[PDB]
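Q: After the structure tokens below, expect a handful of questions from me.
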Amino acid sequence: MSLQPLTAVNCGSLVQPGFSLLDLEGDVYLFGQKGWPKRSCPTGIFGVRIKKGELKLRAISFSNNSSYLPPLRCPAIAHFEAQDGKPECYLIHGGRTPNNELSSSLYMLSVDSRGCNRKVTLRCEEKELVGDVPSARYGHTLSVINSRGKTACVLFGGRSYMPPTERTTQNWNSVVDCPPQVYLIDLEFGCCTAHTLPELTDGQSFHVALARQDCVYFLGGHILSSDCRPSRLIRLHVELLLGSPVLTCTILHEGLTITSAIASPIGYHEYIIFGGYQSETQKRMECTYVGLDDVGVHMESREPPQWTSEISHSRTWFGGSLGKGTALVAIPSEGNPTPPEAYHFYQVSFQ
DNA sequence: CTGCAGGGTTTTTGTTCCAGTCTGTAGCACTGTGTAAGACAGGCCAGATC
């Protein structure tokens, strides 16, 4: 549990407050960037390598048969693990276009070929959704479930702009919580079903969701109706049978009151919740550990690495998970003139 | 009584010019608001591979 300060020697203006780190086939891919794609990298997706403290970003190129993606700012990432037939899949939906809009299309990202010389080619495919499509939204969560024995996805939460009739050019950039119904999405085909939640009378956003063996556990998430960050934990159980995807749910008494947490996998099913926001002013410093079994969540606080004064007094912080019990965090910086590197970077490692 | 023409009448309203005295615009050369990164082509080297 130690933190190494990294230097973003070159290309430190591409990272932004909200962004994604996709961990597939070893190396990690940064996804999301300030502004539209520049010709230095006509795709939008960078490869990340951390070596000797240096943070190095390399350009990635798509394949011939793949469509292209706008740099979605705060999308919902779901890691579809290796199985038949195309590992390793990432389901992205749906985020915020850098031209400020909401995109309701689902993307599937995968790896294609290599190298020749340390080069990875990717491929993205839009996945048409016949629905009953969930309204465009950002900050929601998607999670993959395997049940007897087929694969589906559960989509829940998030915010969206005011309904299309009531949005006034004065309440334009206003945003309210989308209604609380769970959407079951088949990977293929695009049949997406909507189901109501008798126990959940409100939606939320920025809640870390952990899915294990056809069970989904939703940690706390910020509610904008009452401005409360509920400590309750939410469990739901998807039993996929022909032909009605019945869904049940229950409440757990206690869980961590946390929003926008960096959920880094370490063990087989053991995660560390790395921290985030517990109140609108104070940020979570304590690192927590969450083991997931069919009995339930087992939660222990672990010794948080000693933070330098800068990251302890910072107003806000964000980041993502580089995997293998390692995570990346960023702190915005001040000065005069421009640093110009607006973000100092730290790499935290476990064990 | 009226009508209109055309007489005089005063009082504007302005009529010529040269000393001035004063007021308002023209001529001079020049101002300031244009204020950042990104695309592209070539050289090359380092690490991967047979």
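Ordering of the structure tokens sets the chain letters (A, B, ...); residue numbers start at 1 within each chain; ligands are numbered from 1 in the order shown.
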Listing only residues of chain B within 10 Å of chain A, what is the closest atom pair and its distance in Å (to one decimal) for each, using only C-alpha atoms (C1' of nucleotides), sorted by chain and residue number ascending, as JSON lines?

A:
```
{"residue": "B:38", "atom": "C1'", "partner": "A:38", "partner_atom": "CA", "distance": 8.3}
{"residue": "B:39", "atom": "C1'", "partner": "A:39", "partner_atom": "CA", "distance": 7.5}
{"residue": "B:47", "atom": "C1'", "partner": "A:117", "partner_atom": "CA", "distance": 8.1}
{"residue": "B:48", "atom": "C1'", "partner": "A:117", "partner_atom": "CA", "distance": 6.0}
{"residue": "B:49", "atom": "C1'", "partner": "A:117", "partner_atom": "CA", "distance": 9.1}
```

Q: Put those residues in a file: N, CA and C atoms (P, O5', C5', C4', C3', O3' and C1' of nucleotides), as an mmCIF file, in the first residue's frame.

A:
```cif
data_model
loop_
_atom_site.group_PDB
_atom_site.id
_atom_site.type_symbol
_atom_site.label_atom_id
_atom_site.label_comp_id
_atom_site.auth_asym_id
_atom_site.auth_seq_id
_atom_site.Cartn_x
_atom_site.Cartn_y
_atom_site.Cartn_z
ATOM 1 P P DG B 38 -3.060 21.284 -29.537
ATOM 2 O "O5'" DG B 38 -3.193 20.934 -31.072
ATOM 3 C "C5'" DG B 38 -4.124 21.598 -31.877
ATOM 4 C "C4'" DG B 38 -3.693 21.488 -33.314
ATOM 5 C "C3'" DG B 38 -3.188 20.103 -33.684
ATOM 6 O "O3'" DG B 38 -3.822 19.659 -34.858
ATOM 7 C "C1'" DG B 38 -1.633 21.744 -34.355
ATOM 8 P P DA B 39 -3.798 18.104 -35.233
ATOM 9 O "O5'" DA B 39 -3.226 18.092 -36.721
ATOM 10 C "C5'" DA B 39 -3.797 18.941 -37.700
ATOM 11 C "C4'" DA B 39 -2.884 19.081 -38.905
ATOM 12 C "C3'" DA B 39 -2.344 17.776 -39.449
ATOM 13 O "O3'" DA B 39 -2.585 17.686 -40.864
ATOM 14 C "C1'" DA B 39 -0.545 19.310 -38.998
ATOM 15 P P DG B 47 15.030 -0.480 -25.780
ATOM 16 O "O5'" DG B 47 13.849 -1.560 -25.753
ATOM 17 C "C5'" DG B 47 12.627 -1.288 -26.431
ATOM 18 C "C4'" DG B 47 12.289 -2.387 -27.428
ATOM 19 C "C3'" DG B 47 12.640 -3.812 -26.988
ATOM 20 O "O3'" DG B 47 11.583 -4.683 -27.349
ATOM 21 C "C1'" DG B 47 13.531 -3.411 -29.098
ATOM 22 P P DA B 48 11.050 -5.806 -26.334
ATOM 23 O "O5'" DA B 48 10.208 -6.777 -27.287
ATOM 24 C "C5'" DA B 48 9.381 -6.214 -28.306
ATOM 25 C "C4'" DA B 48 9.634 -6.875 -29.652
ATOM 26 C "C3'" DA B 48 9.831 -8.387 -29.601
ATOM 27 O "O3'" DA B 48 8.855 -9.021 -30.402
ATOM 28 C "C1'" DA B 48 11.495 -7.353 -30.960
ATOM 29 P P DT B 49 8.655 -10.607 -30.306
ATOM 30 O "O5'" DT B 49 9.405 -11.157 -31.608
ATOM 31 C "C5'" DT B 49 9.109 -10.599 -32.883
ATOM 32 C "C4'" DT B 49 10.030 -11.163 -33.951
ATOM 33 C "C3'" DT B 49 10.260 -12.679 -33.885
ATOM 34 O "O3'" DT B 49 10.219 -13.228 -35.206
ATOM 35 C "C1'" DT B 49 12.322 -11.568 -33.899
#
```

Q: Enumerate as a VMD selection string all residues of segment 6-100 of chain A assigned to strand (DSSP E or B) by DSSP on the backbone, naming them with the chain letters and numbers the document uses.

A: chain A and resid 6 to 7 20 to 23 28 to 31 45 to 51 54 to 59 61 to 62 76 to 80 89 to 93 96 to 97

Q: Atom CA of residue 54 of chain A and atom CA of residue 284 of chain A, how far apart in Å?

A: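 According to the coordinates, atom CA of residue 284 of chain A and atom CA of residue 54 of chain A are separated by 27.1 Å.
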
Q: Have a look at A:16, A:252, A:100, A:163 and name the one nearest to residue 331 of chain A; count only C-alpha atoms.

A: A:16

Q: I'd like the neighbourhood of segment 194-201 of chain A as a VMD selection string, where a residue qualifies if any of its atoms comes within 9 Å (using only C-alpha atoms (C1' of nucleotides)), though same-chain residues fewer than 3 positions away should be ignored.

A: chain A and resid 131 to 134 179 to 185 245 to 251

Q: Keeping N, CA and C atoms for every residue in the selection just given, could you write it to a file as a PDB file, in the first residue's frame?

A:
```
ATOM      1  N   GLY A 131     -35.603  -1.832 -28.800  1.00  0.00           N
ATOM      2  CA  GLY A 131     -36.288  -1.612 -27.547  1.00  0.00           C
ATOM      3  C   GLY A 131     -37.353  -0.540 -27.671  1.00  0.00           C
ATOM      4  N   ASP A 132     -37.879  -0.063 -26.528  1.00  0.00           N
ATOM      5  CA  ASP A 132     -37.526  -0.388 -25.131  1.00  0.00           C
ATOM      6  C   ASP A 132     -36.064  -0.100 -24.808  1.00  0.00           C
ATOM      7  N   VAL A 133     -35.500   0.880 -25.505  1.00  0.00           N
ATOM      8  CA  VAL A 133     -34.117   1.286 -25.294  1.00  0.00           C
ATOM      9  C   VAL A 133     -34.063   2.207 -24.083  1.00  0.00           C
ATOM     10  N   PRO A 134     -33.086   2.046 -23.202  1.00  0.00           N
ATOM     11  CA  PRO A 134     -32.964   2.968 -22.072  1.00  0.00           C
ATOM     12  C   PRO A 134     -32.595   4.362 -22.548  1.00  0.00           C
ATOM     13  N   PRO A 179     -35.827   7.923 -14.106  1.00  0.00           N
ATOM     14  CA  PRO A 179     -36.711   7.088 -13.301  1.00  0.00           C
ATOM     15  C   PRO A 179     -36.053   5.765 -12.969  1.00  0.00           C
ATOM     16  N   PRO A 180     -36.388   5.172 -11.809  1.00  0.00           N
ATOM     17  CA  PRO A 180     -35.725   3.950 -11.295  1.00  0.00           C
ATOM     18  C   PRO A 180     -36.311   2.613 -11.752  1.00  0.00           C
ATOM     19  N   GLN A 181     -36.008   2.237 -12.990  1.00  0.00           N
ATOM     20  CA  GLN A 181     -36.344   0.922 -13.514  1.00  0.00           C
ATOM     21  C   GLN A 181     -35.078   0.253 -14.025  1.00  0.00           C
ATOM     22  N   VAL A 182     -34.997  -1.061 -13.866  1.00  0.00           N
ATOM     23  CA  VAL A 182     -33.816  -1.813 -14.273  1.00  0.00           C
ATOM     24  C   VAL A 182     -34.022  -2.332 -15.684  1.00  0.00           C
ATOM     25  N   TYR A 183     -32.988  -2.232 -16.511  1.00  0.00           N
ATOM     26  CA  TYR A 183     -33.065  -2.678 -17.895  1.00  0.00           C
ATOM     27  C   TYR A 183     -32.173  -3.897 -18.074  1.00  0.00           C
ATOM     28  N   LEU A 184     -32.758  -4.996 -18.534  1.00  0.00           N
ATOM     29  CA  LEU A 184     -32.008  -6.206 -18.841  1.00  0.00           C
ATOM     30  C   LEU A 184     -31.697  -6.225 -20.330  1.00  0.00           C
ATOM     31  N   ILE A 185     -30.409  -6.197 -20.662  1.00  0.00           N
ATOM     32  CA  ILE A 185     -29.929  -6.112 -22.036  1.00  0.00           C
ATOM     33  C   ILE A 185     -29.253  -7.426 -22.388  1.00  0.00           C
ATOM     34  N   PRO A 245     -37.440 -12.601 -18.120  1.00  0.00           N
ATOM     35  CA  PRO A 245     -36.315 -12.356 -17.210  1.00  0.00           C
ATOM     36  C   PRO A 245     -36.760 -11.789 -15.866  1.00  0.00           C
ATOM     37  N   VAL A 246     -37.262 -12.681 -15.009  1.00  0.00           N
ATOM     38  CA  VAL A 246     -37.714 -12.279 -13.684  1.00  0.00           C
ATOM     39  C   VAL A 246     -36.541 -11.745 -12.876  1.00  0.00           C
ATOM     40  N   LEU A 247     -36.792 -10.684 -12.110  1.00  0.00           N
ATOM     41  CA  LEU A 247     -35.772 -10.021 -11.311  1.00  0.00           C
ATOM     42  C   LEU A 247     -36.324  -9.798  -9.912  1.00  0.00           C
ATOM     43  N   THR A 248     -35.551 -10.156  -8.889  1.00  0.00           N
ATOM     44  CA  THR A 248     -35.935  -9.856  -7.516  1.00  0.00           C
ATOM     45  C   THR A 248     -34.859  -9.009  -6.845  1.00  0.00           C
ATOM     46  N   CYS A 249     -35.189  -8.473  -5.670  1.00  0.00           N
ATOM     47  CA  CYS A 249     -34.311  -7.516  -5.013  1.00  0.00           C
ATOM     48  C   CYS A 249     -34.496  -7.579  -3.506  1.00  0.00           C
ATOM     49  N   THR A 250     -33.488  -7.081  -2.790  1.00  0.00           N
ATOM     50  CA  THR A 250     -33.506  -6.998  -1.334  1.00  0.00           C
ATOM     51  C   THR A 250     -32.531  -5.919  -0.883  1.00  0.00           C
ATOM     52  N   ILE A 251     -32.689  -5.499   0.366  1.00  0.00           N
ATOM     53  CA  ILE A 251     -31.853  -4.468   0.964  1.00  0.00           C
ATOM     54  C   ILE A 251     -30.930  -5.121   1.981  1.00  0.00           C
TER      55      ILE A 251
END
```

Q: Fewer than 4 positions away in the same chain doesn't count, so skip those; otherwise give me all residues within 9 Å of segment 21-29 of chain A, counting only C-alpha atoms (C1' of nucleotides), as a ChimeraX atom specification.

A: /A:45-49,60,77,79,88-90,110-111,319-323

Q: Limited to N, CA and C atoms, could you put the picked residues into a file as a PDB file, in the first residue's frame?

A:
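Generated output (out34.pdb):
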```
ATOM      1  N   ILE A  45      -8.347   6.639 -28.496  1.00  0.00           N
ATOM      2  CA  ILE A  45      -8.060   5.683 -27.432  1.00  0.00           C
ATOM      3  C   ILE A  45      -6.553   5.529 -27.331  1.00  0.00           C
ATOM      4  N   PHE A  46      -5.995   5.761 -26.150  1.00  0.00           N
ATOM      5  CA  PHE A  46      -4.550   5.704 -25.979  1.00  0.00           C
ATOM      6  C   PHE A  46      -4.151   4.451 -25.213  1.00  0.00           C
ATOM      7  N   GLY A  47      -2.939   3.965 -25.455  1.00  0.00           N
ATOM      8  CA  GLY A  47      -2.361   2.929 -24.615  1.00  0.00           C
ATOM      9  C   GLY A  47      -1.483   3.558 -23.546  1.00  0.00           C
ATOM     10  N   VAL A  48      -1.535   3.002 -22.336  1.00  0.00           N
ATOM     11  CA  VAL A  48      -0.832   3.570 -21.191  1.00  0.00           C
ATOM     12  C   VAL A  48       0.266   2.608 -20.762  1.00  0.00           C
ATOM     13  N   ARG A  49       1.471   3.140 -20.550  1.00  0.00           N
ATOM     14  CA  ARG A  49       2.591   2.384 -20.003  1.00  0.00           C
ATOM     15  C   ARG A  49       3.250   3.214 -18.915  1.00  0.00           C
ATOM     16  N   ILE A  60      -3.205   4.518 -30.464  1.00  0.00           N
ATOM     17  CA  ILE A  60      -3.772   3.231 -30.851  1.00  0.00           C
ATOM     18  C   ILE A  60      -4.585   3.430 -32.119  1.00  0.00           C
ATOM     19  N   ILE A  77     -19.104   1.594 -18.115  1.00  0.00           N
ATOM     20  CA  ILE A  77     -18.241   0.528 -18.614  1.00  0.00           C
ATOM     21  C   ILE A  77     -18.628  -0.770 -17.923  1.00  0.00           C
ATOM     22  N   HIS A  79     -17.325  -4.959 -17.997  1.00  0.00           N
ATOM     23  CA  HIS A  79     -16.232  -5.815 -18.463  1.00  0.00           C
ATOM     24  C   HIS A  79     -16.768  -7.205 -18.758  1.00  0.00           C
ATOM     25  N   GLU A  88     -11.554 -10.036 -25.569  1.00  0.00           N
ATOM     26  CA  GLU A  88     -12.186  -9.737 -24.291  1.00  0.00           C
ATOM     27  C   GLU A  88     -13.032  -8.483 -24.478  1.00  0.00           C
ATOM     28  N   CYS A  89     -14.313  -8.554 -24.137  1.00  0.00           N
ATOM     29  CA  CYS A  89     -15.238  -7.515 -24.561  1.00  0.00           C
ATOM     30  C   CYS A  89     -15.390  -6.435 -23.503  1.00  0.00           C
ATOM     31  N   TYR A  90     -15.585  -5.211 -23.970  1.00  0.00           N
ATOM     32  CA  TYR A  90     -15.968  -4.105 -23.107  1.00  0.00           C
ATOM     33  C   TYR A  90     -17.242  -3.490 -23.659  1.00  0.00           C
ATOM     34  N   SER A 110     -13.013  -4.517 -28.471  1.00  0.00           N
ATOM     35  CA  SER A 110     -12.254  -5.758 -28.344  1.00  0.00           C
ATOM     36  C   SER A 110     -10.877  -5.597 -28.982  1.00  0.00           C
ATOM     37  N   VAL A 111     -10.018  -6.624 -28.799  1.00  0.00           N
ATOM     38  CA  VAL A 111      -8.665  -6.663 -29.359  1.00  0.00           C
ATOM     39  C   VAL A 111      -8.664  -7.568 -30.586  1.00  0.00           C
ATOM     40  N   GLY A 319      -9.805   9.305 -10.648  1.00  0.00           N
ATOM     41  CA  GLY A 319      -8.823   8.375 -11.164  1.00  0.00           C
ATOM     42  C   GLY A 319      -9.494   7.135 -11.720  1.00  0.00           C
ATOM     43  N   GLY A 320      -8.724   6.057 -11.744  1.00  0.00           N
ATOM     44  CA  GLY A 320      -9.177   4.799 -12.301  1.00  0.00           C
ATOM     45  C   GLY A 320      -8.222   3.706 -11.885  1.00  0.00           C
ATOM     46  N   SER A 321      -8.534   2.488 -12.310  1.00  0.00           N
ATOM     47  CA  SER A 321      -7.851   1.292 -11.835  1.00  0.00           C
ATOM     48  C   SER A 321      -6.970   0.713 -12.929  1.00  0.00           C
ATOM     49  N   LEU A 322      -5.661   0.671 -12.680  1.00  0.00           N
ATOM     50  CA  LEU A 322      -4.726   0.037 -13.601  1.00  0.00           C
ATOM     51  C   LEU A 322      -4.674  -1.472 -13.431  1.00  0.00           C
ATOM     52  N   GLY A 323      -5.355  -2.015 -12.428  1.00  0.00           N
ATOM     53  CA  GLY A 323      -5.464  -3.447 -12.262  1.00  0.00           C
ATOM     54  C   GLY A 323      -4.351  -4.029 -11.411  1.00  0.00           C
TER      55      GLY A 323
END
```

Q: As a PDB file with N, CA, C and O atoms, in the first residue's frame, please: all residues of segment 154-337 of chain A that backbone DSSP puts in helix (DSSP H, G or I).

A:
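Generated file (result_18.pdb):
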```pdb
ATOM      1  N   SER A 309       0.734  15.952   2.021  1.00  0.00           N
ATOM      2  CA  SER A 309      -0.186  17.035   2.344  1.00  0.00           C
ATOM      3  C   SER A 309      -0.977  17.502   1.128  1.00  0.00           C
ATOM      4  O   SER A 309      -2.132  17.920   1.266  1.00  0.00           O
ATOM      5  N   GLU A 310      -0.391  17.413  -0.069  1.00  0.00           N
ATOM      6  CA  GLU A 310      -1.058  17.936  -1.260  1.00  0.00           C
ATOM      7  C   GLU A 310      -2.318  17.147  -1.582  1.00  0.00           C
ATOM      8  O   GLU A 310      -3.370  17.731  -1.855  1.00  0.00           O
ATOM      9  N   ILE A 311      -2.227  15.817  -1.571  1.00  0.00           N
ATOM     10  CA  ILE A 311      -3.384  14.984  -1.885  1.00  0.00           C
ATOM     11  C   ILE A 311      -4.342  14.880  -0.706  1.00  0.00           C
ATOM     12  O   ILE A 311      -5.511  14.527  -0.892  1.00  0.00           O
ATOM     13  N   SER A 312      -3.898  15.225   0.502  1.00  0.00           N
ATOM     14  CA  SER A 312      -4.801  15.249   1.645  1.00  0.00           C
ATOM     15  C   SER A 312      -5.614  16.537   1.709  1.00  0.00           C
ATOM     16  O   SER A 312      -6.758  16.513   2.169  1.00  0.00           O
TER      17      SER A 312
END
```

Q: Could you work out how far atom CA of residue 219 of chain A lies from atom CA of residue 233 of chain A, giving the answer in Å with one decimal?

A: 5.2 Å

Q: Which distance in Å separates atom CA of residue 41 of chain A and atom CA of residue 58 of chain A, to one decimal?

A: 8.9 Å

Q: Quick one: everything within 6 Å of segment 137-154 of chain A, counting only C-alpha atoms (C1' of nucleotides), minus sequence neighbours fewer than 5 positions away in the same chain. Send it as a PDB file with N, CA, C and O atoms, in the first residue's frame.

A:
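Result written to result27.pdb:
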```pdb
ATOM      1  N   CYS A  74     -18.262  10.553 -19.263  1.00  0.00           N
ATOM      2  CA  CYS A  74     -18.612   9.719 -18.108  1.00  0.00           C
ATOM      3  C   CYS A  74     -19.516   8.552 -18.490  1.00  0.00           C
ATOM      4  O   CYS A  74     -20.668   8.484 -18.049  1.00  0.00           O
ATOM      5  N   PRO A  75     -19.025   7.597 -19.251  1.00  0.00           N
ATOM      6  CA  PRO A  75     -19.868   6.491 -19.699  1.00  0.00           C
ATOM      7  C   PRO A  75     -20.005   5.425 -18.623  1.00  0.00           C
ATOM      8  O   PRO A  75     -19.493   5.551 -17.520  1.00  0.00           O
ATOM      9  N   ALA A  76     -20.728   4.370 -18.971  1.00  0.00           N
ATOM     10  CA  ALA A  76     -20.918   3.207 -18.117  1.00  0.00           C
ATOM     11  C   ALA A  76     -20.184   2.040 -18.759  1.00  0.00           C
ATOM     12  O   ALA A  76     -20.570   1.583 -19.841  1.00  0.00           O
ATOM     13  N   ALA A  78     -18.727  -1.849 -18.696  1.00  0.00           N
ATOM     14  CA  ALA A  78     -18.975  -3.185 -18.167  1.00  0.00           C
ATOM     15  C   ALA A  78     -18.011  -4.165 -18.815  1.00  0.00           C
ATOM     16  O   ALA A  78     -17.897  -4.202 -20.044  1.00  0.00           O
ATOM     17  N   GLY A  95     -22.730   7.721 -21.966  1.00  0.00           N
ATOM     18  CA  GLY A  95     -21.843   8.861 -21.759  1.00  0.00           C
ATOM     19  C   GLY A  95     -22.262  10.210 -22.336  1.00  0.00           C
ATOM     20  O   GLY A  95     -23.390  10.429 -22.743  1.00  0.00           O
ATOM     21  N   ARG A 159     -28.214   9.774 -14.233  1.00  0.00           N
ATOM     22  CA  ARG A 159     -28.895  11.044 -14.401  1.00  0.00           C
ATOM     23  C   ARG A 159     -29.180  11.291 -15.874  1.00  0.00           C
ATOM     24  O   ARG A 159     -28.608  10.647 -16.751  1.00  0.00           O
ATOM     25  N   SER A 160     -30.062  12.250 -16.150  1.00  0.00           N
ATOM     26  CA  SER A 160     -30.313  12.674 -17.521  1.00  0.00           C
ATOM     27  C   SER A 160     -30.839  14.097 -17.499  1.00  0.00           C
ATOM     28  O   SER A 160     -31.290  14.595 -16.466  1.00  0.00           O
ATOM     29  N   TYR A 183     -32.988  -2.232 -16.511  1.00  0.00           N
ATOM     30  CA  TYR A 183     -33.065  -2.678 -17.895  1.00  0.00           C
ATOM     31  C   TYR A 183     -32.173  -3.897 -18.074  1.00  0.00           C
ATOM     32  O   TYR A 183     -30.974  -3.840 -17.789  1.00  0.00           O
ATOM     33  N   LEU A 184     -32.758  -4.996 -18.534  1.00  0.00           N
ATOM     34  CA  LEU A 184     -32.008  -6.206 -18.841  1.00  0.00           C
ATOM     35  C   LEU A 184     -31.697  -6.225 -20.330  1.00  0.00           C
ATOM     36  O   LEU A 184     -32.613  -6.251 -21.160  1.00  0.00           O
ATOM     37  N   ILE A 185     -30.409  -6.197 -20.662  1.00  0.00           N
ATOM     38  CA  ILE A 185     -29.929  -6.112 -22.036  1.00  0.00           C
ATOM     39  C   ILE A 185     -29.253  -7.426 -22.388  1.00  0.00           C
ATOM     40  O   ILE A 185     -28.335  -7.870 -21.691  1.00  0.00           O
ATOM     41  N   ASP A 186     -29.708  -8.055 -23.462  1.00  0.00           N
ATOM     42  CA  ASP A 186     -28.957  -9.149 -24.051  1.00  0.00           C
ATOM     43  C   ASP A 186     -27.831  -8.569 -24.898  1.00  0.00           C
ATOM     44  O   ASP A 186     -28.014  -7.562 -25.587  1.00  0.00           O
ATOM     45  N   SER A 205     -26.836   7.747  -8.823  1.00  0.00           N
ATOM     46  CA  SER A 205     -25.740   7.785  -9.777  1.00  0.00           C
ATOM     47  C   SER A 205     -24.429   7.660  -9.026  1.00  0.00           C
ATOM     48  O   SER A 205     -24.379   7.783  -7.804  1.00  0.00           O
ATOM     49  N   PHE A 206     -23.365   7.397  -9.778  1.00  0.00           N
ATOM     50  CA  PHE A 206     -22.005   7.349  -9.245  1.00  0.00           C
ATOM     51  C   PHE A 206     -21.827   6.259  -8.196  1.00  0.00           C
ATOM     52  O   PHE A 206     -20.971   6.366  -7.317  1.00  0.00           O
ATOM     53  N   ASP A 214     -24.228 -14.179 -11.060  1.00  0.00           N
ATOM     54  CA  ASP A 214     -25.649 -13.815 -11.162  1.00  0.00           C
ATOM     55  C   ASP A 214     -26.199 -13.204  -9.870  1.00  0.00           C
ATOM     56  O   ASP A 214     -27.330 -13.468  -9.463  1.00  0.00           O
TER      57      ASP A 214
END
```

Q: For residue 20 of chain A, list every protein, DNA or RNA residue within 7 Å, evaluated using only C-alpha atoms (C1' of nucleotides), and leave out those in the same chain fewer than 6 positions away; present the list as a list in words.

A: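 Using only C-alpha atoms (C1' of nucleotides), the neighbours found are residues 30, 31, 32 and 320 of chain A.
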
Q: Could you write out that same residue set with C-alpha atoms as a short mmCIF file (atom, residue, chain, number, x, y, z; two decimals), in the first residue's frame?

A:
```
data_model
loop_
_atom_site.label_atom_id
_atom_site.label_comp_id
_atom_site.auth_asym_id
_atom_site.auth_seq_id
_atom_site.Cartn_x
_atom_site.Cartn_y
_atom_site.Cartn_z
CA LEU A 30 -7.12 5.41 -21.59
CA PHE A 31 -10.51 6.33 -23.02
CA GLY A 32 -11.94 9.83 -23.08
CA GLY A 320 -9.18 4.80 -12.30
#
```

Q: Could you pull the residues within 7 Å of segment 221-229 of chain A, counting only C-alpha atoms (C1' of nucleotides), minus those fewer than 3 positions along the same chain, as a tab-separated table (two decimals) with N, CA, C and O atoms, in the first residue's frame?

A:
```tsv
chain	number	residue	atom	x	y	z
A	177	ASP	N	-32.56	13.06	-11.91
A	177	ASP	CA	-32.35	11.62	-11.88
A	177	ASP	C	-33.38	10.92	-12.77
A	177	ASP	O	-34.57	11.21	-12.69
A	204	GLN	N	-30.29	6.64	-8.57
A	204	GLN	CA	-29.07	7.22	-8.04
A	204	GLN	C	-28.03	7.25	-9.15
A	204	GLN	O	-28.29	6.85	-10.29
A	205	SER	N	-26.84	7.75	-8.82
A	205	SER	CA	-25.74	7.78	-9.78
A	205	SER	C	-24.43	7.66	-9.03
A	205	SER	O	-24.38	7.78	-7.80
A	206	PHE	N	-23.37	7.40	-9.78
A	206	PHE	CA	-22.01	7.35	-9.24
A	206	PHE	C	-21.83	6.26	-8.20
A	206	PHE	O	-20.97	6.37	-7.32
A	207	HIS	N	-22.61	5.20	-8.29
A	207	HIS	CA	-22.56	4.09	-7.35
A	207	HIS	C	-21.77	2.94	-7.97
A	207	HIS	O	-22.10	2.48	-9.07
A	257	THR	N	-20.91	4.40	2.76
A	257	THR	CA	-21.53	5.59	2.17
A	257	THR	C	-20.50	6.27	1.28
A	257	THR	O	-19.73	7.12	1.72
A	258	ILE	N	-20.48	5.89	-0.01
A	258	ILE	CA	-19.42	6.32	-0.90
A	258	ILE	C	-20.00	6.56	-2.29
A	258	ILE	O	-20.96	5.90	-2.70
A	259	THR	N	-19.43	7.53	-3.00
A	259	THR	CA	-19.83	7.90	-4.35
A	259	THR	C	-18.59	8.11	-5.21
A	259	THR	O	-17.62	8.72	-4.76
```
